[PDB]
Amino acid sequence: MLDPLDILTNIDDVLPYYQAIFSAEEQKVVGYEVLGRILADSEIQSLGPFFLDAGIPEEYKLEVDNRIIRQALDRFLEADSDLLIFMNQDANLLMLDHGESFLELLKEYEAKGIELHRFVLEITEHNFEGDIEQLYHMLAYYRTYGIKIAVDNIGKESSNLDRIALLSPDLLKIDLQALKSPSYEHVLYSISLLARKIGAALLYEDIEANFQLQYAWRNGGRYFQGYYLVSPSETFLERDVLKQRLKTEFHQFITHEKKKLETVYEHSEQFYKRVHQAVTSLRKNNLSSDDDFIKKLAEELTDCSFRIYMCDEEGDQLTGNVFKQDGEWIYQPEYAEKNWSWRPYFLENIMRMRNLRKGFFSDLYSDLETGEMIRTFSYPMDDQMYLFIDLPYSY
């Protein structure tokens, strides 16, 4: 293994390697991440341990860091003009002089021909121990030159979504070693939606396998990185190196998700028919009690439902719950006179049921009482009343 002294003594042997990043739009190389390499003893080894070592003085990190960047940016001057240049930069070291010296190094290469808006700067926020509002201040300055900001390692140690969103980054880098909790896609889904509202694109990294790439794609992944794509190498690659492979790999993701979306919408339709038949059959009868009715319905729909109740237009529960437990139905009258408009989507679905004049399923959510994952089916009725049915699973 490599002692730090070994590196500073042979500083002329240090070189950048590059890892390509691929777009979901054009399935093409959109830019590269600059990584640090040294030629020691007929072999190439990473300067990672060297940059990550807290024991090594900062100037020697910057000393080396510099030659790699110069070599890397010298290379970019000659490649395609629209390539992005992703660069790892510690917040604290960058903040030693409020980023002054670094920016001048970037400014230098603008003159030499690299537009500043090609620079993506990989910052790790939870590593920062200075005043966060000051770091956020500085990056503002950077952006006013078009410089892009990417935040690393989301959700690991001191990571913080409040502090991240304040930074209002251009990119979020999410690594998927995490995928090797079954419920991690909830994490991913949540992230993308936060990212969509503040306008940060998602870059998934450390993609070592296919299922990982699929996870990336179907959870809002705009850009992609990993060994499974292309490993870091000393030179650049043909921009459309993986185009056909990704085109086909993505076609298959699309097909899957559609077969997936249609299959659930189709299922919803038939269920609406089953419910419509059941309800109108029962509703032509002398069951004035709104409560008598849902009991009958539950027996009708015994195979697929586990809870049923009715509410009015403003979310007030008109009836009490029928609840299936241990294969038997129980009547819980106490649940009458409760309001549910506070629930996400609830009011939205009321006006949807009206306008659309049909019934439908919700997405998957975790029922507050039982705890297991369920879906609710909402069905509109005569007299501006709305029926709710709770369904567990059927995969």
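When you see a residue number, it is the position in the sequence shown, counting from 1.
A.B. asks: Gap size between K180 and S181, counting deposited residues with no coordinates: none, 1 to 3, 4 to 9, or 10 or more?
C.D. replies: In the deposited sequence, 4 to 9 residues between these two have no coordinates.
A.B. asks: Out of 110 to 118 and 182 to 190, which one has CA B-factors that are higher on average in the deposited record?
C.D. replies: Result: 182 to 190.
A.B. asks: Relative to the other modelled residues of the same chain, rank the CA B-factor of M381 and answer lowest, middle or highest third.
C.D. replies: Highest third.
A.B. asks: Select lowest, middle or highest to describe the third in which the CA B-factor of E133 falls within its chain in this entry.
C.D. replies: Answer is highest: the recorded C-alpha B-factor places it there.
A.B. asks: Rank-wise, by C-alpha B-factor, drop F211 into the lowest, middle or highest third of its chain.
C.D. replies: Lowest third, going by the recorded CA B-factors of the chain.
A.B. asks: Could you tell me which third, lowest, middle or highest, the C-alpha B-factor of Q71 occupies within its chain?
C.D. replies: According to the entry, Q71 has a C-alpha B-factor in the chain's middle third.
A.B. asks: Please rank the C-alpha B-factors of the chain's modelled residues and tell me whether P169 sits in the lowest, middle or highest third.
C.D. replies: Middle third, going by the recorded CA B-factors of the chain.
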